[PDB]
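*Asks:* Here it is, the structure in full.
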Amino acid sequence: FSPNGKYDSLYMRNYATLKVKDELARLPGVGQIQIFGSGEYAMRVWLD
Amino acid sequence: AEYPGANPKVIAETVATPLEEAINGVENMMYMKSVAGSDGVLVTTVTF
Ligand SMILES: CCCCCCCCCCCCO[C@@H]1O[C@H](CO)[C@@H](O[C@H]2O[C@H](CO)[C@@H](O)[C@H](O)[C@H]2O)[C@H](O)[C@H]1O
């Protein structure tokens, strides 16, 4: 979490995916790691 | 796995890393190796 509002759920979910998830799956006894909240990064082209 | 025309660094980052993340949730594994060549081919050996 960001208690000061500096980061929203999207940034932190992708931060967990890119810097937390893999380093946690290396631990022993971990079968599954699941992320809940927001969504993956994606290139959004909002047309007019 | 195959990633035609992709540089081995790209194959290692975008292919090998997520398969290793998934495979880490296997039991009785001793060590995992990934070799990605300029032939576009990635081989990941999982030794138990
Ligand atoms: C913090 C909540 C923990 C709940 C513990 C889980 C046990 C509950 C009974 C089993 C059902 C869980 O079912 C679970 O549903 C979630 C949705 O939340 C799915 O989650 C899926 O959708 C969510 C929502 O977009 C994505 O963030 C996620 O990446 C994707 O995998 C999981 O893939 C599945 O494992």
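By convention in this document, the chains of the structure tokens carry letters A, B, ... by their order, each chain's residues are numbered from 1, and ligands are numbered from 1 in the order they are shown.
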Name the residues in contact with residue 37 (chain B) at a cut-off of 6 Å, using only C-alpha atoms, excluding same-chain residues fewer than 3 positions from it; report them as a list in words.

*Replies:* residues 8, 40 and 41 of chain B

*Asks:* Please, which residues of chain A lie no more than 9 Å from chain B when the count uses only C-alpha atoms, and can they be set out as a list in words?

*Replies:*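 Residues of chain A within 9 Å of chain B, counting only C-alpha atoms: residues 21, 22, 25, 26, 27, 29, 30, 31, 32 and 33 of chain A.
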
*Asks:* Just write the chosen residues, N, CA, C and O atoms, as a short mmCIF file (atom, residue, chain, number, x, y, z; two decimals), in the first residue's frame.

*Replies:*
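Everything below was put into part-v7.cif:
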data_model
loop_
_atom_site.label_atom_id
_atom_site.label_comp_id
_atom_site.auth_asym_id
_atom_site.auth_seq_id
_atom_site.Cartn_x
_atom_site.Cartn_y
_atom_site.Cartn_z
N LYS A 21 6.79 -10.96 -7.11
CA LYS A 21 6.20 -12.27 -7.38
C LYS A 21 7.26 -13.34 -7.62
O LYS A 21 7.23 -14.41 -7.00
N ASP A 22 8.20 -13.07 -8.53
CA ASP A 22 9.22 -14.06 -8.86
C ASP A 22 10.12 -14.35 -7.67
O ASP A 22 10.43 -15.52 -7.38
N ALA A 25 8.20 -16.72 -5.44
CA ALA A 25 7.99 -18.08 -5.93
C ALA A 25 9.25 -18.93 -5.79
O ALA A 25 9.16 -20.16 -5.89
N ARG A 26 10.41 -18.31 -5.56
CA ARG A 26 11.65 -19.04 -5.34
C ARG A 26 11.69 -19.69 -3.96
O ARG A 26 12.48 -20.61 -3.74
N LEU A 27 10.83 -19.25 -3.04
CA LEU A 27 10.84 -19.75 -1.68
C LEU A 27 10.37 -21.21 -1.65
O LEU A 27 9.69 -21.67 -2.56
N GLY A 29 8.22 -24.49 -0.57
CA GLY A 29 6.88 -24.79 -0.14
C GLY A 29 5.80 -23.95 -0.78
O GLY A 29 4.62 -24.14 -0.46
N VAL A 30 6.15 -23.03 -1.68
CA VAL A 30 5.18 -22.16 -2.33
C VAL A 30 4.68 -22.86 -3.58
O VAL A 30 5.43 -23.06 -4.54
N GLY A 31 3.40 -23.22 -3.59
CA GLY A 31 2.80 -23.82 -4.76
C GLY A 31 2.27 -22.79 -5.73
O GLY A 31 2.52 -22.87 -6.94
N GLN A 32 1.54 -21.80 -5.21
CA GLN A 32 0.91 -20.80 -6.06
C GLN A 32 1.03 -19.42 -5.43
O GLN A 32 0.94 -19.26 -4.21
N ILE A 33 1.26 -18.42 -6.28
CA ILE A 33 1.23 -17.01 -5.89
C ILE A 33 0.19 -16.31 -6.76
O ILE A 33 0.27 -16.36 -7.99
#

*Asks:* I'd like the neighbourhood of residue 42 (chain A) as a VMD selection string, where a residue qualifies if any of its atoms comes within 12 Å (using only C-alpha atoms), though same-chain residues fewer than 3 positions away should be ignored.

*Replies:* chain A and resid 10 to 11 14 38 to 39 45 to 46

*Asks:* Restricted to N, CA, C and O atoms, what would the selected residues look like written as an mmCIF file, in the first residue's frame?

*Replies:*
data_model
loop_
_atom_site.group_PDB
_atom_site.id
_atom_site.type_symbol
_atom_site.label_atom_id
_atom_site.label_comp_id
_atom_site.auth_asym_id
_atom_site.auth_seq_id
_atom_site.Cartn_x
_atom_site.Cartn_y
_atom_site.Cartn_z
ATOM 1 N N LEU A 10 -2.682 0.156 -9.614
ATOM 2 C CA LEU A 10 -2.092 -0.341 -10.856
ATOM 3 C C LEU A 10 -0.571 -0.415 -10.753
ATOM 4 O O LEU A 10 0.040 -1.464 -11.020
ATOM 5 N N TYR A 11 0.055 0.698 -10.351
ATOM 6 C CA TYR A 11 1.509 0.741 -10.235
ATOM 7 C C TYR A 11 2.009 -0.319 -9.271
ATOM 8 O O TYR A 11 2.996 -1.007 -9.551
ATOM 9 N N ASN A 14 1.698 -3.974 -10.604
ATOM 10 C CA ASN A 14 2.746 -4.300 -11.565
ATOM 11 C C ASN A 14 4.124 -4.309 -10.913
ATOM 12 O O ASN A 14 5.004 -5.070 -11.335
ATOM 13 N N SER A 38 -6.620 -4.478 -9.337
ATOM 14 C CA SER A 38 -6.250 -3.756 -10.556
ATOM 15 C C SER A 38 -5.982 -4.769 -11.673
ATOM 16 O O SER A 38 -6.554 -5.868 -11.686
ATOM 17 N N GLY A 39 -5.115 -4.410 -12.618
ATOM 18 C CA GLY A 39 -4.835 -5.273 -13.746
ATOM 19 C C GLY A 39 -3.408 -5.118 -14.225
ATOM 20 O O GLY A 39 -2.653 -4.268 -13.747
ATOM 21 N N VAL A 45 -4.800 2.362 -26.388
ATOM 22 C CA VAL A 45 -4.963 3.350 -27.445
ATOM 23 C C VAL A 45 -6.423 3.759 -27.467
ATOM 24 O O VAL A 45 -7.252 3.078 -28.079
ATOM 25 N N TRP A 46 -6.751 4.852 -26.779
ATOM 26 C CA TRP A 46 -8.127 5.333 -26.673
ATOM 27 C C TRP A 46 -8.440 6.167 -27.910
ATOM 28 O O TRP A 46 -8.009 7.316 -28.026
#

*Asks:* Can you work out the spacing between CA of residue 42 (chain B) and CA of residue 28 (chain B) in Å, to one decimal?

*Replies:*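 That distance, rounded to one decimal, is 22.9 Å.
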
*Asks:* Please check which protein, DNA or RNA residues sit within 6 Å of ligand 1, counting only C-alpha atoms and all ligand atoms, and write them as number ranges by chain.

*Replies:* A: 35-37

*Asks:* Taking 2 positions as the minimum chain separation for residues in the same chain, which residues sit within 10 Å of residue 1 (chain B) when counting only C-alpha atoms? Answer as a list in words.

*Replies:*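 The residues that qualify are residues 3, 4, 11, 15, 16, 36, 40, 41, 42, 43 and 44 of chain B.
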
*Asks:* Could you dump the residues just selected with N, CA, C and O atoms as an mmCIF file, in the first residue's frame?

*Replies:*
data_model
loop_
_atom_site.group_PDB
_atom_site.id
_atom_site.type_symbol
_atom_site.label_atom_id
_atom_site.label_comp_id
_atom_site.auth_asym_id
_atom_site.auth_seq_id
_atom_site.Cartn_x
_atom_site.Cartn_y
_atom_site.Cartn_z
ATOM 1 N N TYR B 3 10.824 -18.522 -30.526
ATOM 2 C CA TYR B 3 10.541 -17.095 -30.661
ATOM 3 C C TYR B 3 11.294 -16.616 -31.895
ATOM 4 O O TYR B 3 12.395 -16.061 -31.786
ATOM 5 N N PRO B 4 10.736 -16.833 -33.088
ATOM 6 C CA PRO B 4 11.499 -16.592 -34.320
ATOM 7 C C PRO B 4 11.977 -15.154 -34.436
ATOM 8 O O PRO B 4 11.241 -14.208 -34.152
ATOM 9 N N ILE B 11 14.335 -13.390 -25.792
ATOM 10 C CA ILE B 11 13.788 -14.714 -25.501
ATOM 11 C C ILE B 11 13.941 -15.042 -24.019
ATOM 12 O O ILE B 11 13.012 -15.551 -23.382
ATOM 13 N N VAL B 15 10.341 -14.928 -22.507
ATOM 14 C CA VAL B 15 9.876 -16.309 -22.527
ATOM 15 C C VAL B 15 10.394 -17.040 -21.295
ATOM 16 O O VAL B 15 9.606 -17.442 -20.433
ATOM 17 N N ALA B 16 11.720 -17.167 -21.168
ATOM 18 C CA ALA B 16 12.281 -18.059 -20.154
ATOM 19 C C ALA B 16 11.838 -17.669 -18.748
ATOM 20 O O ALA B 16 11.496 -18.538 -17.936
ATOM 21 N N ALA B 36 18.961 -20.029 -24.399
ATOM 22 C CA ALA B 36 18.252 -19.408 -25.513
ATOM 23 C C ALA B 36 19.272 -18.939 -26.538
ATOM 24 O O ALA B 36 20.160 -18.145 -26.213
ATOM 25 N N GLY B 40 16.564 -18.763 -32.316
ATOM 26 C CA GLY B 40 15.216 -18.503 -31.862
ATOM 27 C C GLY B 40 14.656 -19.529 -30.907
ATOM 28 O O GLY B 40 13.481 -19.422 -30.533
ATOM 29 N N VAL B 41 15.460 -20.506 -30.487
ATOM 30 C CA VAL B 41 14.999 -21.653 -29.713
ATOM 31 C C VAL B 41 15.386 -21.467 -28.255
ATOM 32 O O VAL B 41 16.537 -21.140 -27.945
ATOM 33 N N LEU B 42 14.429 -21.680 -27.362
ATOM 34 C CA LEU B 42 14.676 -21.720 -25.931
ATOM 35 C C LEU B 42 14.486 -23.145 -25.440
ATOM 36 O O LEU B 42 13.456 -23.769 -25.717
ATOM 37 N N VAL B 43 15.474 -23.653 -24.710
ATOM 38 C CA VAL B 43 15.374 -24.934 -24.027
ATOM 39 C C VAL B 43 15.504 -24.671 -22.534
ATOM 40 O O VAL B 43 16.432 -23.981 -22.101
ATOM 41 N N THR B 44 14.567 -25.197 -21.753
ATOM 42 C CA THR B 44 14.591 -25.090 -20.298
ATOM 43 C C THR B 44 14.627 -26.501 -19.719
ATOM 44 O O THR B 44 13.667 -27.265 -19.861
#

*Asks:* Going by DSSP on the backbone, which residues of chain B come out as strand (DSSP E or B)? List them as a PyMOL selection string.

*Replies:* chain B and resi 2+31-36+41-47

*Asks:* Tell me, in Å to one decimal, how far CA of residue 14 (chain B) is from CA of residue 44 (chain A).

*Replies:* 20.1 Å

*Asks:* I'd like the interatomic distance between CA of residue 20 (chain A) and CA of residue 9 (chain B), to a tenth of an Å.

*Replies:*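 So the two atoms, CA of residue 20 (chain A) and CA of residue 9 (chain B), lie 21.5 Å apart.
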
*Asks:* Of the candidates B:32, B:38, B:47, B:6, which shows the shortest atom-to-atom distance to residue 19 (chain B), using only C-alpha atoms?

*Replies:*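 Among the listed residues, the smallest separation from residue 19 (chain B) belongs to B:32.
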
*Asks:* Run DSSP on the backbone and grab whatever in chain A lands in helix (DSSP H, G or I); send it over as a list in words.

*Replies:*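 So, restricting chain A to helix (DSSP H, G or I), we get residues 9, 10, 11, 12, 13, 14, 15, 16, 17, 18, 19, 20, 21, 22, 23, 24 and 25 of chain A.
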
*Asks:* Let me see the file: selected residues, C-alpha atoms, as an mmCIF file, in the first residue's frame.

*Replies:*
data_model
loop_
_atom_site.group_PDB
_atom_site.id
_atom_site.type_symbol
_atom_site.label_atom_id
_atom_site.label_comp_id
_atom_site.auth_asym_id
_atom_site.auth_seq_id
_atom_site.Cartn_x
_atom_site.Cartn_y
_atom_site.Cartn_z
ATOM 1 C CA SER A 9 -3.202 0.037 -7.219
ATOM 2 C CA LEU A 10 -2.092 -0.341 -10.856
ATOM 3 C CA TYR A 11 1.509 0.741 -10.235
ATOM 4 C CA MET A 12 1.817 -1.391 -7.115
ATOM 5 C CA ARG A 13 0.306 -4.518 -8.673
ATOM 6 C CA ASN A 14 2.746 -4.300 -11.565
ATOM 7 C CA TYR A 15 5.561 -3.559 -9.107
ATOM 8 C CA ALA A 16 4.633 -6.739 -7.237
ATOM 9 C CA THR A 17 4.611 -8.676 -10.507
ATOM 10 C CA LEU A 18 8.003 -7.336 -11.623
ATOM 11 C CA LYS A 19 9.908 -7.210 -8.306
ATOM 12 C CA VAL A 20 7.997 -9.328 -5.746
ATOM 13 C CA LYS A 21 6.196 -12.266 -7.378
ATOM 14 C CA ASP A 22 9.219 -14.063 -8.861
ATOM 15 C CA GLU A 23 11.420 -13.527 -5.796
ATOM 16 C CA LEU A 24 8.612 -15.041 -3.702
ATOM 17 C CA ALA A 25 7.994 -18.076 -5.928
#
